[PDB]
Amino acid sequence: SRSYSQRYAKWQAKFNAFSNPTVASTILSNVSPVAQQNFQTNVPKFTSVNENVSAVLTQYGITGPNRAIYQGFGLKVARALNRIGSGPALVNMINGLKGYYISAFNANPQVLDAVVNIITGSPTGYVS
DNA sequence: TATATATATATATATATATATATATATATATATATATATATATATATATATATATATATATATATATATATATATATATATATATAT
C-alpha cells in the first residue's frame with residue numbers, strides 16, 4: 001500500500017527520469033512502430049462509429065455538444081465491444097451504460113437506442 | 001706604352017631622331033571629375049497630392065480554412081507515469 005507522500009514521491013522520480021532527452025527518445029523511438037501498429041489497428045474501428053453515429057444524429061436533428069453526448073455514448077458501446085465482445089456481458093454493460101447517460105447527462109433514451117441500433121445493429125436487452 | 005675595333009656607362013660642345021615626364025602660349029581631339037544656366041533621357045533615394053497593383057507587418061468588424069497552444073463538458077484511441085484489487 002502507498003500513501004500520498006509515497007504516490008507522489010515515486011511519480012516525481014519517474015517523471016523526472018522520463019524528461020531526460022535520451023530516456024524519452026530511447027523509449028519513444030523503441031515503441032514507435034509498436035504504437036503505430038496499435039493505433040492503426042484499433043482507431044479505424046472507432047472512426048467508423050463516429051461516422052455512422054454522426055449520420056444518425058443528423059437524422060435526429062442533433063447539433064452542437066448534444067452530438068458529442070451521443071458520440072461519447074456510442075464510443076463507449078464500441079469500447080466494451082472490443083474489450084468484452086458481443087453477447088450477455090455486453091448486454092449487461094449497455095443496460096448500465098444507458099442508465100448512466102440517461103440519468104446523469106439527461107440523454108434521450110430513444111436516440112441512445114438509435115445509436116445502439118447502429119453499433120450493435122439493434123437495441124440491447126435481447127441478443128440479436 | 002700608344003693605337004684600333006666591338007660592347008657597358010659618365011662628361012665636354014651643338015644638332016638631329018626615337019621614347020619617359022614637367023612648363024611656357026593658345027587651340028583641337030579623346031577619356032577622368034567639379035561647377036555655371038536650363039532642358040531631356042536613364043538609374044539610386046526623400047517628399048508633395050490622390051489612386052492602383054504587388055509583397056512585409058499592426059488594427060477595426062465578423063466569418064471561414066490551415067497549423068501552434070490553454071480551457072470548458074464527456075467519451076474514444078495512442079503513448080509517458082502514479083495508485084486501487086488480485087493474478
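Residues numbered from 1 in each chain as written, not as in the entry; some residues may be left out. Chains lettered and ligands numbered in written order. Part of a larger assembly, values for the part shown. Heavy atoms only, no water.

- Header annotation of the entry names cryo-EM as the structure determination method and lists the resolution as 3.8 Å.

## Details of the protein's contact with DNA strand B
Stage number 1. DNA strand B sits among 23 residues. The nearest are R2, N38, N42, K76 and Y100.
Stage number 2. Between DNA strand B and the protein, one listed contact pairs a base nitrogen with a side-chain N or O atom of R7 at 3.4 Å.
Stage number 3. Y100 is positioned with one of its side-chain polar atoms (N or O) 2.9 Å from a phosphate oxygen of DNA strand B.
Stage number 4. Elements supplying a minimum of two residues to the surface near DNA strand B: α1 (4–19), α3 (32–59), α4 (65–84) and α5 (88–104).
Stage number 5. Ranked by residues supplied to the surface near DNA strand B, first place goes to α3 with six residues.
Stage number 6. Here the surface near DNA strand B is built from residues that sort into 12 nonpolar, four polar and seven charged. (Near = heavy atom within 4 Å. Polar contact = N/O pair within 3.5 Å; in protein donor to acceptor, adjacent residues only side chain to side chain. Helix = DSSP H or I, 4+ residues; strand = E, 2+ residues; numbered from the N terminus. Nonpolar A, V, L, I, M, F, W, Y, C, P; charged D, E, K, R; others polar.)

## So, the nonpolar core
Stage number 1. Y70 and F73 are the most contacted members of the largest nonpolar core, which has 19 residues in total.
Stage number 2. Of all the secondary structure elements, the ones that give two or more residues to this core are α3, α4, α5 and α6 (109–119).
Stage number 3. The residues contacting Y70, other than those within four sequence positions of it, are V53, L57, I62, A107, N108, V111, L112 and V115. (Core = buried A, V, L, I, M, F, W, Y, C linked by side-chain atoms within 4.5 Å. Buried < 20%, exposed > 50% of the residue type's maximum accessible area, 1.4 Å probe, protein only. Contact = heavy atoms within 4.5 Å.)

## Structural notes on the pattern of salt bridges
Stage number 1. For the coordinates displayed, the defined rule picks out one salt bridge.
Stage number 2. In this structure, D113 and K98 form a salt bridge, with 2.7 Å as the shortest nitrogen-oxygen distance. Highlighted residues: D113 in helix α6 and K98 in helix α5, separated in sequence by 15 residues.
Stage number 3. With relative accessibility at 22%, the residue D113 sits in the partly exposed group. (Salt bridge = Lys/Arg side-chain N within 4 Å of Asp/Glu carboxyl O.)

## Describing the packing of aromatic side chains
Stage number 1. Following the criterion strictly, the structure yields seven aromatic pairs and no others.
Stage number 2. Between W11 and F15, the ring centres sit 5.2 Å apart and the planes meet at 25 degrees, which makes this aromatic pair stacked. Residue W11 and its partner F15 are located together in helix α1, separated by four residues, close to a single helical turn.
Stage number 3. A relative accessible area of 44% places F15 in the partly exposed class.
Stage number 4. A ring pair is formed by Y100 and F105, whose centres lie 5.4 Å apart and whose planes are at 85 degrees; its orientation type is edge-to-face.
Stage number 5. A relative accessible area of 46% places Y100 in the partly exposed class.
Stage number 6. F105 sits in the partly exposed class, given a relative accessible area of 41%.
Stage number 7. Three or more aromatic residues joined by ring pairs form one cluster here, namely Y4, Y8, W11 and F15. (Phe/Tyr/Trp six-rings, centres within 6.5 Å; stacked < 30°, edge-to-face > 60°.)

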